[PDB]
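Here the structure is laid out as structure tokens; the discussion comes afterwards.
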Amino acid sequence: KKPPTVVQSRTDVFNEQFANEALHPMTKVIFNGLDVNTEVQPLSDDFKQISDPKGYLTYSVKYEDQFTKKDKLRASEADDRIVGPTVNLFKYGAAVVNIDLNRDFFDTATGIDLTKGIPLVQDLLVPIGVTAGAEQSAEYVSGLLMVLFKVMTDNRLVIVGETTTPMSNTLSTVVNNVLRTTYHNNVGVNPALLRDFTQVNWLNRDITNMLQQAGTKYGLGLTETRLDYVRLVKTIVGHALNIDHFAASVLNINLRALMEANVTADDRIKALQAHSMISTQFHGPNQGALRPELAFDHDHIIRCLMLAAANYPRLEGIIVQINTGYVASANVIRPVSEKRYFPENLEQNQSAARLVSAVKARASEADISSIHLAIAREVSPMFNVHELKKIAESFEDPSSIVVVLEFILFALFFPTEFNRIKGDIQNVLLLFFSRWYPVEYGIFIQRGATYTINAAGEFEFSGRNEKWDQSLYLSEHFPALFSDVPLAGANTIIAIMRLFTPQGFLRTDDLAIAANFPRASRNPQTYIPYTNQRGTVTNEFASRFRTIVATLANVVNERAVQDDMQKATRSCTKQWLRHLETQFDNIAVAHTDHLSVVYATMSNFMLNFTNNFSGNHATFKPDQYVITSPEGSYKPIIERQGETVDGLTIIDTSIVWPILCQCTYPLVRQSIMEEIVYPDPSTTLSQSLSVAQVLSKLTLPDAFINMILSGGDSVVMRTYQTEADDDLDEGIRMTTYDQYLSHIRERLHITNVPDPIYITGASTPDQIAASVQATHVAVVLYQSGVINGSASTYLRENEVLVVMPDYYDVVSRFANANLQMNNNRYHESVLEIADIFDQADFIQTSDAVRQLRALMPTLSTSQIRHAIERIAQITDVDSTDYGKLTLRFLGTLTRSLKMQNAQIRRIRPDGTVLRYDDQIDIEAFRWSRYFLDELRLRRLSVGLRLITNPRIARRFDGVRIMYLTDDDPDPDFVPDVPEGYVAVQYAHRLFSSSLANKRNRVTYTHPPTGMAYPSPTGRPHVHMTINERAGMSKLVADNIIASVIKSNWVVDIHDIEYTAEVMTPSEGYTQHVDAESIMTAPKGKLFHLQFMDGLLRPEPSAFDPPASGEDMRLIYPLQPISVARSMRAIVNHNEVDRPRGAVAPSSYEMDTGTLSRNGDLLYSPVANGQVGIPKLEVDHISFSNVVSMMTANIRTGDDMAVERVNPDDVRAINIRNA
């Protein structure tokens, strides 16, 4: 390579040993403004800032090609921007008008295909174990998941785009009563603008009839103007757009939570004071309420950081690397190549040759990558359990007291990292005491080598001489040397363990709570190792080491004279023990003045979210949270698995020998002044936001499918009937105890209810009602005895689930007075968990999600895995230039954890999952709200009203085969079953091959008569109902469709799926559907039937010679087709005033109404003194709404500029109390 010219490298060692000082900062000019040095990024990249909003539902028109005219209609020049694109979409000749999902919002980038009318996503939920072409029907059920997913993640926030203001004398008076003084250039399309502009007379009459009612009042444009309180400029205007109320409700939730958060851009200063030095100052710029911002979400970030520690245990390497980057950027400890482990004329002394082999064998070289790592491990959270670097000592000589002095200095410099490995230090120290104090060692062992904490606060010592392992750190056993309980006879061992006590204080996170940062406790309190020591002659931290060595020089003296070693070999020990006295006085000025303001400001970072230490080694344990789940195993947060970050778990206690001796500090040298480097906030702020932005959207498809399937779990019950004339559901509902133990009992420890009562036969129904009113699920437990006839009347009426231990003679447990209940009279049916449980954010029991689970196929724990990997393929998350460095660091595995009804609970150190406690855990752990944001539950409730809308539910099931003529075509015509038919359920027992007339024929047997009907000609009038269509022969299906044409049967097939597009008579039928595929197809094939609206057919001339053929029609629907129809046949008939069956638009489509103070949309009031009906209560669809949009004077989420002022002296910064 290079290596340069060893003369030039000999002056390299001379250069880096004798460094100097430069860089005077004075310039120094008058500035009559605000001297901005740094900029601040926004705390939450949350909102997009689109200008013209696109709705969820838009109009769609299929024109009839003959009556229409393909020109653009030309109104007046001022009206063509308002009325123009409406009359060009509802142009004269519109056959049908359908209301469907918007294609350029639910575009091809989200994988939703809206070509066939319904949403269809390809490979989200595919049923397994079916025929290879039977997955098409399940795409609708997985299509509505992605439509619900896009509404939920719709973070748009409308800014006023390119509006225009017309003159009032340029618009006609039929528009000038409508237009509210301005309008966007993209006005959209809405049939209320068709008033006095459309050619069609009955449509112009029906819209004039509706807009003159009291029930509606259509407007367009500016309604509200929230002028600001101080600057007097307009901030939030409400424009009455032309947009549907499912998209206008989401756009108002994004504004009602941005402007009514009342946290400005100046609260980013609170997030800088945490990520900078203590008692620094930030000035200006006072941007006020014209620069709003979301509050930093405390409940969500601390909820995802408990998944991110469980799924990704390499997260400890992220937070330490961010904390190491703050230590190395402070220039806090700088190594040098000059050793001073020994005083002058002691290393070459022959007496201490046994001593200098014990200090130079422990003191490693001063590598800066590990001293900075040792500081940063302290305030960091612990995820992998730290274990000790193995120290092999036998404690033979009195010069082996160095190893104990290694542990004293490691207990004072790093008391937090002393606690995490204090047990493996006992494994070394029990070889120390057992070879120096053998009389008092056995007195200590007979009490115990470990102890536990009793519930009554006592110390239950075990009594077993056990070597400690770093597992048992998570269990209830403690190291027994650190109990600080006096023992009679062992007074010396307890006295030396009083030298490992910490010398610090307990500082609350005052700058982190006010910054509203994530914390995993109630009072976030960290342990700073030593108090700032301003203005003292004798340093009160260095004087602690005076009294430690004064005890250790009596321990090493009694060990020396017991084995009558030399006067010289003992004097060289005590000269070395007071050389550690002198070298500690030089650095205790610089630890307790310059480190104690670094450990203070590192305890306020965003990602240092746990308590590290309390102040007592005898009682403290880390709060062991887990991610519990009833349908899986709990994954602990703090969990020893040895998964290193390549040297992060191995704690090296030899780090204190370079810290004590061969490290120069920026306060020891007074004589130059170092001009202490205050690090900038933006390096550790932007590394903490980028991690908290990546993992906030990392379990985002993990959360969505596990929110829909939250109640998808089920139990097995039986329904014992107790009277006559009962159905399958009425009766006493009874399940087994093992079915209760696996599913229902673990969900009662989550919902925090008492145990249900044990009814013993002698239980009145006012006792069972006491358990149902307390435990909110209707579940009681059986114990013994015979339950009286009084309580059987209560369990029948309220459907209370009774839990039995076994199904052994179950009627004998009830006092069956009616004698209708029998051991073989029941209906073994399922019972979903969502049907008996209900909480706010635990089980989604809403009526929208209730329907989708009935449309999903038989799922698995492998298809939920495929549905998560498919959503994360679609939505590639936002990833900054630091976030890509973290995602390929953790980095790949996520599917090891069940997320079914996952909550966050503590555990006992024994291993049992505790309940939620109102006074120990934080309030963000009681209900993990599907691990979602605060906003995206409010967007979700608008999305649930969009899925259960009948206007988009166009997955048509059920089909009818009949042989009527097609002379008046319309999709609404379900053919009526005639008068004298006989309804017959389909079964394979009916059709069979029978020799009839010299030929084997398929023979139908009519079940009311039993007659055999071999030919399909003389078969009776039968209304056959097919429910199965599975295992059906092809020859049988040939006979049935032959029986429809010949013998006029009506065949219903209820178990089919199809879509339907309403054609026009000029376009005609493009593609047909055969009757072979309508019978012999797999269960999940999604058909596409085309129906023709024969209302706009060309009426034939009166002198036309007639044609020959007839238009027949074989396949008919069951339910009304075109539920999405708004208007139909927009023409004017020449004989009659309005055409046959042509419909008028509903008045709810034209109603702006007002905007409520909460932010919900309201219709127009029907009378005075009446609050208007909210638009999300009814199932009607409104296409004009008031959307709260911000103006050009807001600028949500830009970089604001501050002034950082460094403090003057690093010794003048107070830490405690404040």
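Scheme for the structure tokens: letters A, B, ... for chains in order shown; per-chain residue numbers from 1; ligand numbers from 1 in order shown.
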Near-residue 1014 (chain A) list (10 Å; only C-alpha atoms; drop same-chain fewer than 3 positions) as a ChimeraX atom specification | /A:991-997,1000-1005,1011,1017-1019,1039
Serialized selection, C-alpha atoms, as a PDB file, in the first residue's frame:
ATOM      1  CA  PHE A 991     -80.988 -39.102 -10.856  1.00  0.00           C
ATOM      2  CA  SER A 992     -79.974 -42.613 -11.864  1.00  0.00           C
ATOM      3  CA  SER A 993     -79.454 -44.573 -15.061  1.00  0.00           C
ATOM      4  CA  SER A 994     -82.418 -46.799 -15.900  1.00  0.00           C
ATOM      5  CA  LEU A 995     -83.113 -48.925 -18.969  1.00  0.00           C
ATOM      6  CA  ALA A 996     -86.233 -47.387 -20.498  1.00  0.00           C
ATOM      7  CA  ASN A 997     -86.674 -47.909 -24.269  1.00  0.00           C
ATOM      8  CA  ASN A1000     -79.926 -46.424 -21.085  1.00  0.00           C
ATOM      9  CA  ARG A1001     -81.488 -43.144 -19.980  1.00  0.00           C
ATOM     10  CA  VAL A1002     -80.916 -40.880 -16.997  1.00  0.00           C
ATOM     11  CA  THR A1003     -84.102 -41.167 -14.950  1.00  0.00           C
ATOM     12  CA  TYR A1004     -85.477 -38.537 -12.580  1.00  0.00           C
ATOM     13  CA  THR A1005     -87.602 -39.741  -9.652  1.00  0.00           C
ATOM     14  CA  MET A1011     -92.616 -42.007 -10.299  1.00  0.00           C
ATOM     15  CA  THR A1017     -89.986 -34.450 -22.269  1.00  0.00           C
ATOM     16  CA  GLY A1018     -92.840 -35.417 -19.966  1.00  0.00           C
ATOM     17  CA  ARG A1019     -91.199 -34.406 -16.703  1.00  0.00           C
ATOM     18  CA  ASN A1039     -80.208 -33.863 -18.247  1.00  0.00           C
TER      19      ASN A1039
END
Leaving out residue 590 (chain A) and any residue of its chain fewer than 4 positions from it, which residues lie within 12 Å of it when counting only C-alpha atoms, given as JSON, numbers by chain?
-> {"A": [332, 333, 530, 531, 532, 533, 534, 539, 541, 542, 583, 584, 585, 586, 594, 595, 596, 597, 598, 659, 660, 663, 664, 665, 666, 667, 668, 669, 670, 676, 1210, 1211]}
Go ahead and write the selection's residues with C-alpha atoms as a CSV table (one decimal), in the first residue's frame.
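In the end it all went to out06.csv:
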chain,number,residue,atom,x,y,z
A,332,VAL,CA,-15.0,13.0,26.1
A,333,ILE,CA,-12.2,10.4,26.6
A,530,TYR,CA,-21.9,10.5,40.2
A,531,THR,CA,-23.2,14.0,41.2
A,532,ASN,CA,-21.6,17.1,39.7
A,533,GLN,CA,-19.1,18.5,42.2
A,534,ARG,CA,-18.7,22.2,41.6
A,539,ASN,CA,-13.8,16.0,45.9
A,541,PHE,CA,-16.4,11.3,44.9
A,542,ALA,CA,-12.7,10.8,45.1
A,583,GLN,CA,-4.3,8.9,40.0
A,584,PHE,CA,-8.0,8.9,41.0
A,585,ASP,CA,-7.8,12.5,42.2
A,586,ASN,CA,-6.6,13.6,38.7
A,594,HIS,CA,-17.9,16.3,32.3
A,595,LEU,CA,-19.2,12.8,32.2
A,596,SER,CA,-22.1,13.6,34.6
A,597,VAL,CA,-23.5,16.1,32.0
A,598,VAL,CA,-23.1,13.5,29.3
A,659,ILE,CA,-9.9,4.7,32.1
A,660,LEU,CA,-8.1,5.2,35.4
A,663,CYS,CA,-6.7,8.3,29.2
A,664,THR,CA,-6.3,12.1,29.1
A,665,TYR,CA,-9.5,14.1,29.7
A,666,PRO,CA,-10.5,17.6,28.5
A,667,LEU,CA,-10.7,18.9,32.1
A,668,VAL,CA,-7.5,17.4,33.6
A,669,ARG,CA,-5.3,19.8,31.6
A,670,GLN,CA,-7.0,22.9,33.1
A,676,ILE,CA,-15.3,21.8,25.4
A,1210,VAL,CA,-19.3,22.5,31.6
A,1211,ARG,CA,-18.8,22.6,35.4
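Counting only C-alpha atoms and comparing A:581, A:224, A:921, A:65, the residue that lies closest to residue 1066 (chain A) is A:65.
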If we count only C-alpha atoms, what is near residue 580 (chain A) at a cut-off of 9 Å, once residues fewer than 4 positions away on the same chain are taken out, given as a ChimeraX atom specification?
-> /A:341-342,545,549,575-576,584-585,660-661
List as a PDB file with N, CA, C and O atoms, in the first residue's frame the protein and nucleic acid residues near residue 377 (chain A), meaning an atom at most 9 Å away when only C-alpha atoms are counted, but skip any in the same chain fewer than 4 places from it.
ATOM      1  N   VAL A 320     -27.440   1.304  20.761  1.00  0.00           N
ATOM      2  CA  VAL A 320     -26.091   1.497  21.281  1.00  0.00           C
ATOM      3  C   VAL A 320     -25.225   2.250  20.272  1.00  0.00           C
ATOM      4  O   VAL A 320     -24.458   3.144  20.645  1.00  0.00           O
ATOM      5  N   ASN A 323     -26.071   5.740  20.572  1.00  0.00           N
ATOM      6  CA  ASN A 323     -25.494   6.274  21.801  1.00  0.00           C
ATOM      7  C   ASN A 323     -23.972   6.330  21.743  1.00  0.00           C
ATOM      8  O   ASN A 323     -23.369   7.213  22.362  1.00  0.00           O
ATOM      9  N   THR A 324     -23.334   5.404  21.023  1.00  0.00           N
ATOM     10  CA  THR A 324     -21.886   5.479  20.848  1.00  0.00           C
ATOM     11  C   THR A 324     -21.511   6.666  19.972  1.00  0.00           C
ATOM     12  O   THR A 324     -20.491   7.325  20.204  1.00  0.00           O
ATOM     13  N   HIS A 372     -15.638   4.035  24.516  1.00  0.00           N
ATOM     14  CA  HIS A 372     -16.882   4.654  24.079  1.00  0.00           C
ATOM     15  C   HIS A 372     -18.034   3.662  24.062  1.00  0.00           C
ATOM     16  O   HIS A 372     -19.190   4.054  24.239  1.00  0.00           O
ATOM     17  N   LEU A 373     -17.744   2.381  23.840  1.00  0.00           N
ATOM     18  CA  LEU A 373     -18.798   1.377  23.867  1.00  0.00           C
ATOM     19  C   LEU A 373     -19.262   1.119  25.292  1.00  0.00           C
ATOM     20  O   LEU A 373     -20.442   0.839  25.525  1.00  0.00           O
ATOM     21  N   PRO A 381     -31.009   0.659  26.638  1.00  0.00           N
ATOM     22  CA  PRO A 381     -31.822  -0.468  27.092  1.00  0.00           C
ATOM     23  C   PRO A 381     -31.109  -1.784  26.842  1.00  0.00           C
ATOM     24  O   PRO A 381     -30.262  -1.902  25.955  1.00  0.00           O
ATOM     25  N   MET A 382     -31.449  -2.775  27.652  1.00  0.00           N
ATOM     26  CA  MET A 382     -30.866  -4.104  27.550  1.00  0.00           C
ATOM     27  C   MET A 382     -31.884  -5.045  26.926  1.00  0.00           C
ATOM     28  O   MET A 382     -32.992  -5.197  27.447  1.00  0.00           O
ATOM     29  N   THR A 416     -24.580   0.738  36.560  1.00  0.00           N
ATOM     30  CA  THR A 416     -25.658   0.062  35.850  1.00  0.00           C
ATOM     31  C   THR A 416     -25.162  -1.227  35.219  1.00  0.00           C
ATOM     32  O   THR A 416     -25.759  -2.294  35.399  1.00  0.00           O
ATOM     33  N   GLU A 417     -24.045  -1.156  34.501  1.00  0.00           N
ATOM     34  CA  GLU A 417     -23.445  -2.354  33.935  1.00  0.00           C
ATOM     35  C   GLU A 417     -22.764  -3.226  34.976  1.00  0.00           C
ATOM     36  O   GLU A 417     -22.327  -4.326  34.637  1.00  0.00           O
ATOM     37  N   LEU A 648     -21.239  -7.161  21.801  1.00  0.00           N
ATOM     38  CA  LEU A 648     -22.020  -6.215  22.587  1.00  0.00           C
ATOM     39  C   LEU A 648     -22.447  -6.822  23.918  1.00  0.00           C
ATOM     40  O   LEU A 648     -22.615  -6.101  24.904  1.00  0.00           O
TER      41      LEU A 648
END
Contacts of residue 321 (chain A) within 9 Å, only C-alpha atoms, excl. fewer than 4 positions in-chain, as a PyMOL selection string | chain A and resi 316-317+325-326+373+376
Write out as a count of residues only the residues lying within 6 Å of region 1189-1195 of chain A, counting only C-alpha atoms and excluding same-chain residues fewer than 2 positions away.
-> 10
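Counting only C-alpha atoms, the residue from A:374, A:179, A:1176, A:952 that sits nearest to residue 143 (chain A) is A:952.
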Residue contacts of residue 1174 (chain A) (12 Å, only C-alpha atoms) excluding same-chain residues fewer than 5 positions away, as a ChimeraX atom specification = /A:245,249,1148,1151-1156,1158-1165,1179-1182,1185
Compare A:522, A:420, A:1157, A:567 by their minimum atom-to-atom distance to residue 918 (chain A), counting only C-alpha atoms, and give me the closest one.
->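 Distance minimum relative to residue 918 (chain A) lands on A:522.
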Secondary structure check, strand (DSSP E or B) residues of region 26-154 of chain A, as a PyMOL selection string | chain A and resi 38-40+57-63+94-101+113+120
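Nearest to residue 1145 (chain A) of all the residues A:1196, A:98, A:863, A:27 is A:98, counting only C-alpha atoms.
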CA of residue 1055 (chain A) to CA of residue 961 (chain A), straight-line distance in Å =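 Computing it gives 13.5 Å between the two atoms.
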In Å, rounded to a single decimal, give me how far CA of residue 41 (chain A) is from CA of residue 880 (chain A).
->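 Here the two named atoms are 12.9 Å from each other.
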Closest of A:270, A:1088, A:945, A:69 to residue 1177 (chain A) - atom-to-atom distances counting only C-alpha atoms =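 The answer is A:945, which sits nearest to residue 1177 (chain A).
Taking CA of residue 49 (chain A) and CA of residue 156 (chain A) as the two end points, the separation is 6.1 Å.
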Write out as a PyMOL selection string all residues of region 848-950 of chain A that DSSP puts in alpha helix (DSSP H) for this structure's backbone.
-> chain A and resi 848-855+863-874+883-890+935-947
Residue nearest residue 496 (chain A) among A:1030, A:677, A:872, A:408 (counting only C-alpha atoms) =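 Looking at the shortest contact to residue 496 (chain A), the residue is A:408.
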